[PDB]
$ cat run05.txt   # compact mmCIF, C-alpha atoms
# COMPACT_ATOMS: atom_id res chain seq x y z
CA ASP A 6 86.62 168.71 63.50
CA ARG A 7 84.23 165.72 63.24
CA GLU A 8 81.13 167.84 62.58
CA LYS A 9 82.84 170.17 60.10
CA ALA A 10 84.10 167.13 58.12
CA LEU A 11 80.59 165.63 58.30
CA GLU A 12 78.74 168.85 57.35
CA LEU A 13 81.30 169.40 54.58
CA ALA A 14 80.92 165.80 53.36
CA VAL A 15 77.10 165.96 53.47
CA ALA A 16 77.21 169.31 51.65
CA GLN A 17 79.26 167.83 48.77
CA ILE A 18 76.80 164.92 48.50
CA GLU A 19 74.06 167.46 47.93
CA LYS A 20 76.18 169.43 45.45
CA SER A 21 76.85 166.37 43.29
CA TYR A 22 73.63 164.36 43.77
CA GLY A 23 70.99 166.88 44.91
CA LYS A 24 68.44 167.75 47.60
CA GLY A 25 67.63 164.66 49.72
CA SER A 26 70.56 162.42 48.82
CA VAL A 27 71.45 162.29 52.54
CA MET A 28 69.46 163.23 55.66
CA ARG A 29 69.28 162.45 59.34
CA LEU A 30 65.86 161.07 60.23
CA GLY A 31 65.27 163.79 62.87
CA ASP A 32 65.93 166.68 60.48
CA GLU A 33 63.25 169.25 59.79
CA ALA A 34 62.00 169.19 56.20
CA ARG A 35 62.49 171.94 53.64
CA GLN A 36 59.38 173.99 52.83
CA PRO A 37 58.29 174.08 49.18
CA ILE A 38 56.27 176.92 47.58
CA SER A 39 53.36 174.68 46.65
CA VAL A 40 52.53 171.04 47.30
CA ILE A 41 49.34 169.06 46.70
CA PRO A 42 47.58 168.34 50.00
CA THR A 43 46.74 164.63 50.26
CA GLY A 44 43.29 165.01 51.76
CA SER A 45 44.50 164.09 55.26
CA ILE A 46 46.60 166.32 57.49
CA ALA A 47 48.13 163.14 58.95
CA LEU A 48 49.46 162.03 55.59
CA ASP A 49 50.34 165.65 54.78
CA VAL A 50 52.36 165.71 58.00
CA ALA A 51 53.86 162.23 57.45
CA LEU A 52 54.98 163.46 54.02
CA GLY A 53 56.74 166.30 55.87
CA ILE A 54 56.07 169.06 53.35
CA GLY A 55 52.31 169.21 53.99
CA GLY A 56 51.39 167.33 50.81
CA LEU A 57 52.58 165.65 47.67
CA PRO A 58 55.50 167.39 45.92
CA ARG A 59 55.58 168.68 42.35
CA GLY A 60 57.90 167.78 39.47
CA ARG A 61 58.18 164.29 40.95
CA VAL A 62 57.31 160.74 40.11
CA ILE A 63 55.17 159.34 42.94
CA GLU A 64 54.35 155.69 43.56
CA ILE A 65 51.29 154.65 45.55
CA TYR A 66 51.22 150.89 46.03
CA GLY A 67 49.18 148.33 47.94
CA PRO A 68 46.95 145.28 47.54
CA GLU A 69 43.42 144.82 46.12
CA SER A 70 41.02 147.26 47.75
CA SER A 71 43.53 149.01 50.00
CA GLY A 72 42.47 152.58 49.23
CA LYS A 73 45.36 153.84 47.13
CA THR A 74 43.02 154.72 44.24
CA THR A 75 41.02 156.92 46.64
CA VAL A 76 44.22 158.52 47.98
CA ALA A 77 45.15 159.26 44.33
CA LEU A 78 41.75 160.76 43.47
CA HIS A 79 42.08 163.17 46.45
CA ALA A 80 45.41 164.33 45.08
CA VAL A 81 43.53 165.01 41.83
CA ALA A 82 40.60 166.63 43.67
CA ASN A 83 42.93 169.02 45.51
CA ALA A 84 45.07 169.81 42.42
CA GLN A 85 41.95 170.88 40.55
CA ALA A 86 40.44 172.69 43.56
CA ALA A 87 43.35 175.10 43.17
CA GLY A 88 42.50 175.52 39.46
CA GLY A 89 44.91 172.82 38.21
CA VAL A 90 44.31 170.65 35.16
CA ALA A 91 44.31 166.88 35.72
CA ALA A 92 44.66 163.78 33.58
CA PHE A 93 43.95 160.08 34.07
CA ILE A 94 45.51 157.33 31.96
CA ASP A 95 43.33 154.27 32.54
CA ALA A 96 44.35 150.68 31.80
CA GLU A 97 42.24 149.05 34.51
CA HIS A 98 38.82 150.39 33.31
CA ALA A 99 37.46 150.66 36.86
CA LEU A 100 37.06 154.39 37.59
CA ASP A 101 33.68 155.11 39.19
CA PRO A 102 33.07 158.83 38.51
CA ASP A 103 30.07 159.08 40.86
CA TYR A 104 32.46 158.19 43.68
CA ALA A 105 35.02 160.58 42.26
CA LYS A 106 32.55 163.50 42.36
CA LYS A 107 31.77 162.66 46.03
CA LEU A 108 35.53 163.00 46.92
CA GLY A 109 35.52 166.30 45.01
CA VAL A 110 36.95 165.49 41.57
CA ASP A 111 35.78 167.57 38.62
CA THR A 112 35.10 164.61 36.35
CA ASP A 113 33.46 166.81 33.70
CA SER A 114 36.80 168.50 33.10
CA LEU A 115 39.03 165.49 33.88
CA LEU A 116 41.23 164.33 31.00
CA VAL A 117 40.89 160.62 30.41
CA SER A 118 42.92 158.44 28.09
CA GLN A 119 42.15 154.74 27.75
CA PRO A 120 45.11 153.57 25.70
CA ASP A 121 45.69 150.28 23.89
CA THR A 122 49.20 149.39 25.10
CA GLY A 123 51.87 150.27 27.64
CA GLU A 124 53.82 152.05 24.87
CA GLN A 125 50.79 154.21 24.14
CA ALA A 126 49.82 154.89 27.78
CA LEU A 127 53.22 156.32 28.64
CA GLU A 128 53.83 158.16 25.36
CA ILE A 129 50.50 159.93 25.80
CA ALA A 130 51.37 160.82 29.39
CA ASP A 131 54.78 161.96 28.17
CA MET A 132 53.23 164.07 25.39
CA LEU A 133 50.67 165.52 27.82
CA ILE A 134 53.29 166.43 30.43
CA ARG A 135 55.30 168.54 27.94
CA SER A 136 52.22 170.67 27.17
CA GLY A 137 52.99 172.17 30.57
CA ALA A 138 49.22 172.56 31.04
CA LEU A 139 48.68 169.69 33.48
CA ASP A 140 49.42 169.91 37.18
CA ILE A 141 48.88 166.22 37.92
CA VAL A 142 48.59 162.97 35.95
CA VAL A 143 47.57 159.61 37.38
CA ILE A 144 48.32 156.25 35.71
CA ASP A 145 46.05 153.39 36.79
CA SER A 146 47.95 151.07 36.77
CA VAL A 147 51.52 149.75 36.38
CA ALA A 148 50.42 146.10 36.30
CA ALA A 149 47.80 146.56 33.56
CA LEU A 150 50.25 148.26 31.13
CA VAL A 151 50.87 145.34 28.73
CA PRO A 152 53.59 145.88 26.06
CA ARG A 153 52.81 145.96 22.33
CA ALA A 154 54.60 142.67 21.74
CA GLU A 155 52.64 140.77 24.35
CA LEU A 156 49.35 142.11 22.89
CA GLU A 157 50.31 140.95 19.37
CA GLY A 158 51.64 137.50 20.36
CA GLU A 159 55.21 138.16 19.10
CA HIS A 164 61.14 135.91 25.96
CA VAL A 165 59.47 138.07 28.69
CA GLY A 166 61.05 141.05 30.53
CA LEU A 167 60.08 143.64 27.90
CA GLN A 168 57.71 145.45 30.32
CA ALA A 169 60.49 146.38 32.74
CA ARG A 170 62.58 147.70 29.80
CA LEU A 171 59.53 149.76 28.78
CA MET A 172 58.96 151.26 32.24
CA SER A 173 62.67 152.01 32.51
CA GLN A 174 63.04 153.75 29.15
CA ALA A 175 59.85 155.77 29.70
CA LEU A 176 60.74 156.99 33.17
CA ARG A 177 64.25 158.12 32.27
CA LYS A 178 62.81 160.36 29.52
CA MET A 179 59.74 161.38 31.55
CA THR A 180 61.76 162.11 34.72
CA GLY A 181 63.53 164.95 32.91
CA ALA A 182 60.36 166.70 31.67
CA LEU A 183 58.48 166.50 34.99
CA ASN A 184 61.08 168.57 36.88
CA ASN A 185 60.87 171.17 34.07
CA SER A 186 57.06 171.38 33.80
CA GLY A 187 56.26 171.29 37.51
CA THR A 188 53.76 168.46 36.90
CA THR A 189 53.29 165.52 39.30
CA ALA A 190 52.89 161.94 38.06
CA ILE A 191 51.24 159.28 40.21
CA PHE A 192 51.75 155.62 39.36
CA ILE A 193 49.42 153.20 41.01
CA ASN A 194 50.90 149.75 41.53
CA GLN A 195 49.75 146.41 43.02
CA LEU A 196 50.80 143.44 45.18
CA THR A 209 60.26 144.04 39.09
CA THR A 210 57.57 141.44 39.99
CA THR A 211 54.81 144.02 39.30
CA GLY A 212 56.30 145.84 36.29
CA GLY A 213 59.71 147.39 36.99
CA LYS A 214 62.19 147.93 39.79
CA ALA A 215 62.79 151.21 37.92
CA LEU A 216 59.78 152.98 39.44
CA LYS A 217 61.24 152.17 42.83
CA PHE A 218 64.34 154.32 42.08
CA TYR A 219 62.89 157.11 39.89
CA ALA A 220 60.14 157.68 42.47
CA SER A 221 60.91 160.54 44.84
CA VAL A 222 58.09 159.35 47.10
CA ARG A 223 56.75 155.83 47.60
CA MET A 224 53.69 155.24 49.77
CA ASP A 225 52.59 151.86 51.15
CA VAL A 226 48.82 151.87 51.59
CA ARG A 227 47.24 149.05 53.63
CA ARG A 228 43.90 148.41 55.30
CA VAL A 229 44.32 148.30 59.09
CA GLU A 230 40.80 147.48 60.30
CA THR A 231 37.19 148.04 59.28
CA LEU A 232 35.34 150.94 60.94
CA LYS A 233 31.85 150.39 62.39
CA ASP A 234 29.14 152.89 63.41
CA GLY A 235 27.89 150.40 66.01
CA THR A 236 25.50 148.60 63.68
CA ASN A 237 25.67 149.53 59.97
CA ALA A 238 29.48 149.48 59.75
CA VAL A 239 30.81 152.32 57.56
CA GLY A 240 34.34 153.03 56.30
CA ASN A 241 37.80 151.52 56.68
CA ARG A 242 40.84 152.64 58.67
CA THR A 243 43.78 153.09 56.33
CA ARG A 244 47.53 153.24 57.07
CA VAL A 245 49.94 154.73 54.57
CA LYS A 246 53.62 154.23 55.28
CA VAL A 247 55.98 156.60 53.49
CA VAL A 248 58.72 154.07 52.72
CA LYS A 249 60.69 156.48 50.50
CA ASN A 250 60.77 160.28 50.58
CA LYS A 251 63.50 162.45 49.07
CA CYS A 252 61.68 165.70 49.93
CA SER A 253 61.70 164.91 53.68
CA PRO A 254 62.85 162.14 56.14
CA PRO A 255 61.22 158.80 55.21
CA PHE A 256 59.68 155.89 57.16
CA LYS A 257 56.95 158.10 58.59
CA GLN A 258 53.44 156.78 58.66
CA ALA A 259 49.86 157.94 58.97
CA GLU A 260 46.49 156.36 59.70
CA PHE A 261 43.13 157.76 58.58
CA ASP A 262 39.50 156.86 57.81
CA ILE A 263 38.11 156.22 54.32
CA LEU A 264 34.31 156.10 54.58
CA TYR A 265 32.29 154.27 51.93
CA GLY A 266 31.00 156.77 49.38
CA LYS A 267 32.58 159.75 51.16
CA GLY A 268 36.30 158.79 50.97
CA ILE A 269 38.93 160.18 53.36
CA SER A 270 37.59 161.98 56.45
CA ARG A 271 39.33 165.38 56.62
CA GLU A 272 37.38 166.05 59.82
CA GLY A 273 38.08 162.71 61.45
CA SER A 274 41.78 163.33 60.78
CA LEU A 275 41.65 166.82 62.34
CA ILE A 276 40.34 165.23 65.54
CA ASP A 277 43.10 162.58 65.76
CA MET A 278 45.94 165.00 65.10
CA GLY A 279 43.92 167.41 67.25
CA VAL A 280 43.97 165.30 70.42
CA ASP A 281 47.51 164.19 69.53
CA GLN A 282 48.84 167.78 69.35
CA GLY A 283 46.93 168.64 72.57
CA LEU A 284 44.75 171.22 70.74
CA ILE A 285 41.67 169.07 71.43
CA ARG A 286 40.87 167.52 74.84
CA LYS A 287 39.20 164.11 75.30
CA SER A 288 37.55 164.63 78.72
CA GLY A 289 35.48 161.42 78.78
CA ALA A 290 34.12 160.32 75.41
CA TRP A 291 33.68 164.14 75.18
CA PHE A 292 35.71 166.16 72.70
CA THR A 293 36.56 169.70 73.79
CA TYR A 294 38.14 172.38 71.66
CA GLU A 295 39.24 175.41 73.60
CA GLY A 296 36.36 175.74 76.11
CA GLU A 297 33.43 174.85 73.85
CA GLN A 298 32.55 171.19 73.26
CA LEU A 299 32.65 169.50 69.85
CA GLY A 300 30.72 166.29 70.49
CA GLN A 301 30.41 162.96 72.30
CA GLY A 302 32.71 160.29 70.78
CA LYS A 303 34.55 160.68 67.47
CA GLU A 304 31.59 160.11 65.11
CA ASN A 305 29.76 163.02 66.74
CA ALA A 306 32.73 165.43 66.83
CA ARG A 307 33.45 164.48 63.20
CA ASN A 308 29.81 165.04 62.22
CA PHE A 309 29.97 168.33 64.16
CA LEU A 310 33.11 169.57 62.39
CA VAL A 311 31.59 168.74 59.01
CA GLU A 312 28.50 170.85 59.80
CA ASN A 313 30.78 173.65 60.99
CA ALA A 314 33.40 174.51 58.38
CA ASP A 315 34.45 177.61 60.37
CA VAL A 316 35.85 175.64 63.36
CA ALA A 317 37.35 172.98 61.03
CA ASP A 318 39.56 175.36 59.02
CA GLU A 319 40.78 176.97 62.23
CA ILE A 320 41.95 173.68 63.74
CA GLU A 321 43.72 172.81 60.46
CA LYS A 322 45.61 176.12 60.26
CA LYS A 323 46.60 175.92 63.93
CA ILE A 324 48.08 172.43 63.63
CA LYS A 325 49.93 173.64 60.53
CA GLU A 326 51.09 176.83 62.31
CA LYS A 327 52.27 174.61 65.15
CA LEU A 328 54.38 172.52 62.68
CA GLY A 329 54.78 173.64 58.99
$ encode --input "run05.txt" --output "structure tokens"
Amino acid sequence: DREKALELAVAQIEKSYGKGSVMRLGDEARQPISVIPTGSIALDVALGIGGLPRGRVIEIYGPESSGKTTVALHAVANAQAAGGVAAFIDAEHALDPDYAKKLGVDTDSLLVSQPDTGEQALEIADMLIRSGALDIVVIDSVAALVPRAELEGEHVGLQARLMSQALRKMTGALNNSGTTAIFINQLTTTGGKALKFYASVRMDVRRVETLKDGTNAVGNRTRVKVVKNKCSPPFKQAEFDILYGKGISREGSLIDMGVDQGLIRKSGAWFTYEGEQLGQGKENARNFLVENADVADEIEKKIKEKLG
């Protein structure tokens, strides 16, 4: 009786409001056709559907130099890598393309708009989404989008009304086109509370601690926290390594989820995969896996097989 009334109830909530309106936190996720891998299996896993969804607004947010921008450029890198077309609306004026190319972005064929207002930024994105040619669009950033009025001189609050209007319209078209939009935001105090509710995924990117290679300390350890997720149970979280100049370590992530899933064995500062030995201490095993793509792809597919 109690279950049937609950499963019935829950089923009607989905009928009238859609997919992830209600979920238990332990539930398995659905499994979409295609998603955009994040660049880290950990964050792919934490997201529950093995990557960022499509036809969705996505908010990545954190403080100055947290990594978010990198996380976003890997979404672009992967979207393109599968022959997708990308776009980048830029209000910050801080994109380093040399760094982008190192993560794997195809800057040469990356669409860039550097608009002159918030009105323009969004209307261009809106116009570009309806072409149905783009897979992903990034908008750096929500803070920098300053409304026409404010730029001309002519009471505040007009930015939040802008973000709200724009999203309502844009939210429709995204689900039709199968495009993904990423808004990068900083820390309606930073723009609009609207993004918070239109977003189907919201990631909280922070910097946990600085990595060090003994002397000459490279990279930072990042921690995304998936505070909202309509495509899968939320409040999951992932840590990974962003290395200066290289970005997210795909290999370093495979090791961590490796040992975690019991596929890899830490004997004693010694990393073992399935009889053979990978290296001595993470930075070796990582630098081994990067030299050997064959063993890297295998580990990835096995962890995925083992989950989704």
$ closest_residue --input "run05.txt" --among "A:95, A:137, A:264, A:100" --to "residue 150 in chain A" --atoms "only C-alpha atoms"
A:95
$ residues_near_point --input "run05.txt" --point "(30.2, 155.6, 61.7)" --cutoff "12 Å" --atoms "all atoms listed in the file" --output "list in words"
residues 231, 232, 233, 234, 235, 236, 237, 238, 239, 240, 241, 242, 262, 263, 264, 265, 267, 270, 273, 302, 303, 304, 305, 306, 307 and 308 of chain A
$ residues_around --input "run05.txt" --residues "residue 249 in chain A" --least-positions-apart "4" --cutoff "7 Å" --atoms "only C-alpha atoms" --output "list in words"
residues 221, 222, 223, 255 and 256 of chain A
$ atom_distance --input "run05.txt" --atom1 "CA of residue 194 in chain A" --atom2 "CA of residue 277 in chain A"
28.5 Å
$ residues_around --input "run05.txt" --residues "range 188-191 of chain A" --least-positions-apart "4" --cutoff "10 Å" --atoms "all atoms listed in the file" --output "PDB file with C-alpha atoms, in the coordinates of the input"
ATOM      1  CA  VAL A  40      52.530 171.040  47.300  1.00  0.00           C
ATOM      2  CA  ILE A  41      49.340 169.060  46.700  1.00  0.00           C
ATOM      3  CA  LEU A  57      52.580 165.650  47.670  1.00  0.00           C
ATOM      4  CA  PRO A  58      55.500 167.390  45.920  1.00  0.00           C
ATOM      5  CA  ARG A  59      55.580 168.680  42.350  1.00  0.00           C
ATOM      6  CA  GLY A  60      57.900 167.780  39.470  1.00  0.00           C
ATOM      7  CA  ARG A  61      58.180 164.290  40.950  1.00  0.00           C
ATOM      8  CA  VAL A  62      57.310 160.740  40.110  1.00  0.00           C
ATOM      9  CA  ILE A  63      55.170 159.340  42.940  1.00  0.00           C
ATOM     10  CA  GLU A  64      54.350 155.690  43.560  1.00  0.00           C
ATOM     11  CA  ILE A  65      51.290 154.650  45.550  1.00  0.00           C
ATOM     12  CA  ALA A  77      45.150 159.260  44.330  1.00  0.00           C
ATOM     13  CA  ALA A  80      45.410 164.330  45.080  1.00  0.00           C
ATOM     14  CA  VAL A  81      43.530 165.010  41.830  1.00  0.00           C
ATOM     15  CA  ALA A  84      45.070 169.810  42.420  1.00  0.00           C
ATOM     16  CA  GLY A  89      44.910 172.820  38.210  1.00  0.00           C
ATOM     17  CA  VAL A  90      44.310 170.650  35.160  1.00  0.00           C
ATOM     18  CA  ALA A  91      44.310 166.880  35.720  1.00  0.00           C
ATOM     19  CA  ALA A  92      44.660 163.780  33.580  1.00  0.00           C
ATOM     20  CA  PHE A  93      43.950 160.080  34.070  1.00  0.00           C
ATOM     21  CA  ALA A 130      51.370 160.820  29.390  1.00  0.00           C
ATOM     22  CA  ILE A 134      53.290 166.430  30.430  1.00  0.00           C
ATOM     23  CA  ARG A 135      55.300 168.540  27.940  1.00  0.00           C
ATOM     24  CA  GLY A 137      52.990 172.170  30.570  1.00  0.00           C
ATOM     25  CA  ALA A 138      49.220 172.560  31.040  1.00  0.00           C
ATOM     26  CA  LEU A 139      48.680 169.690  33.480  1.00  0.00           C
ATOM     27  CA  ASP A 140      49.420 169.910  37.180  1.00  0.00           C
ATOM     28  CA  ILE A 141      48.880 166.220  37.920  1.00  0.00           C
ATOM     29  CA  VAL A 142      48.590 162.970  35.950  1.00  0.00           C
ATOM     30  CA  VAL A 143      47.570 159.610  37.380  1.00  0.00           C
ATOM     31  CA  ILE A 144      48.320 156.250  35.710  1.00  0.00           C
ATOM     32  CA  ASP A 145      46.050 153.390  36.790  1.00  0.00           C
ATOM     33  CA  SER A 146      47.950 151.070  36.770  1.00  0.00           C
ATOM     34  CA  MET A 179      59.740 161.380  31.550  1.00  0.00           C
ATOM     35  CA  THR A 180      61.760 162.110  34.720  1.00  0.00           C
ATOM     36  CA  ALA A 182      60.360 166.700  31.670  1.00  0.00           C
ATOM     37  CA  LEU A 183      58.480 166.500  34.990  1.00  0.00           C
ATOM     38  CA  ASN A 184      61.080 168.570  36.880  1.00  0.00           C
ATOM     39  CA  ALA A 220      60.140 157.680  42.470  1.00  0.00           C
ATOM     40  CA  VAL A 222      58.090 159.350  47.100  1.00  0.00           C
ATOM     41  CA  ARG A 223      56.750 155.830  47.600  1.00  0.00           C
TER      42      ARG A 223
END
$ closest_residue --input "run05.txt" --among "A:274, A:168, A:253, A:288" --to "residue 27 in chain A" --atoms "all atoms listed in the file"
A:253
$ atom_distance --input "run05.txt" --atom1 "CA of residue 111 in chain A" --atom2 "CA of residue 261 in chain A"
23.4 Å
$ closest_residue --input "run05.txt" --among "A:10, A:148, A:99, A:34" --to "residue 68 in chain A" --atoms "all atoms listed in the file"
A:148
$ residues_around --input "run05.txt" --residues "range 103-107 of chain A" --least-positions-apart "5" --cutoff "7 Å" --atoms "all atoms listed in the file" --output "list in words"
residues 78, 112, 266 and 267 of chain A
$ write_last_selection --input "run05.txt" --atoms "C-alpha atoms" --output "short mmCIF file (atom, residue, chain, number, x, y, z; two decimals), in the frame of the given file"
data_model
loop_
_atom_site.label_atom_id
_atom_site.label_comp_id
_atom_site.auth_asym_id
_atom_site.auth_seq_id
_atom_site.Cartn_x
_atom_site.Cartn_y
_atom_site.Cartn_z
CA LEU A 78 41.75 160.76 43.47
CA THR A 112 35.10 164.61 36.35
CA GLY A 266 31.00 156.77 49.38
CA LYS A 267 32.58 159.75 51.16
#
$ atom_distance --input "run05.txt" --atom1 "CA of residue 15 in chain A" --atom2 "CA of residue 33 in chain A"
15.6 Å
$ residues_around --input "run05.txt" --residues "range 50-55 of chain A" --least-positions-apart "5" --cutoff "8 Å" --atoms "only C-alpha atoms" --output "list in words"
residues 34, 35, 36, 37, 40, 41, 42, 247, 250, 252, 253, 254, 255, 257, 258, 259 and 329 of chain A
$ closest_residue --input "run05.txt" --among "A:313, A:125, A:173, A:243" --to "residue 76 in chain A" --atoms "all atoms listed in the file"
A:243
